[PDB]
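Residue numbers (the deposited numbering), protein chains in the order written: chain C, 2 to 82; chain L, 344 to 412.
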C-alpha cells in the first residue's frame, strides 16, 4: 500500500543537505534559540493562561468559604437568652 | 567510475532505475562494496586484472588516441 515509491506527484523542487559529521549538533542556542522560545511563549500566552487564573481564584474562594462555614456563630447563643 | 584530478578525485557509480527499484539497487551496490572491502578472493581479482589489461591495450589504437595520451 503506502510506500515510498508512489506517495504523490511533485515537480521542480530542489533540496540540499550536509552530513551530520560535517556540522554541529547545537550550533546557536543563546543567539537564536532563546529569542525564538520567547516569541513562541508570547504567541500563546493569552490563549491559555487566563482560564487557569480564573480556576485559581475559584479554588481559593471555595476553600475560604468552606472554612468560614465551620466556625461558631455568636448570634446562635447570644440572641435570645 | 574514477575521475582524477591533481590532488583529489571522485570514485563511485552511476545508474538509472525505474522509480520503484531505487532502494534495492542501492542495497546491491553498497553490498558489493562491503564485500570487496571484507571478503575478496584471488579468483575474481585475476579476472579483473585481465579486463584491465585488455582495456589498456584496446584504447591505444590509431594515432589520435596515442597523441592524446
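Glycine included, each C-beta is placed from N, C-alpha and C at the ideal position.
Close beta carbons around residue i, own chain, < 8 Å, minus the five adjacent residues each side
i	result
residue 65(C)	none
Residue i, DSSP secondary structure in three states
i	result
residue 352(L)	strand
residue 394(L)	helix
residue 386(L)	helix
residue 6(C)	coil
residue 375(L)	helix
residue 370(L)	helix
residue 76(C)	helix
Counterpart residues of residue i in DSSP-defined beta bridges
i	result
residue 365(L)	According to DSSP, which records beta bridges pairwise, residue 365(L) is partnered with nothing at all.
residue 347(L)	352(L)
Range of the contiguous alpha helix (DSSP H) that encloses residue i
i	result
residue 410(L)	406-411
residue 58(C)	46-69
residue 19(C)	Segment: none, residue 19(C) is in no alpha helix (DSSP H) and carries neither H nor E.
residue 28(C)	Careful: residue 28(C) lies outside any alpha helix (DSSP H) and carries neither H nor E.
residue 39(C)	35-43
Under 7 Å from the C-beta of residue i: neighbouring residues of chain L
i	result
residue 34(C)	Those do not exist, as residue 34(C) stays about 35 Å from chain L at its closest Cβ, beyond 7 Å.
residue 2(C)	Residues of chain L passing the Cβ test: none, with the nearest at roughly 14 Å.
Within chain C, partners of residue i - CB distance below 7 Å
i	result
residue 390(L)	What residue 390(L) touches in chain C: nothing, since even the nearest Cβ is about 35 Å away.
Within chain C, partners of residue i - CB distance below 8 Å
i	result
residue 362(L)	6, 7
Beta-carbon contacts of residue i that lie in its chain and below 6 Å, excluding the five residues immediately before and after
i	result
residue 35(C)	none
Cβ neighbours of residue i in the same chain (closer than 7 Å, five flanking residues each side left out)
i	result
residue 360(L)	368
residue 415(L)	Residue 415(L) falls outside the range modelled here, since chain L spans only 344 to 412, and no answer is possible.
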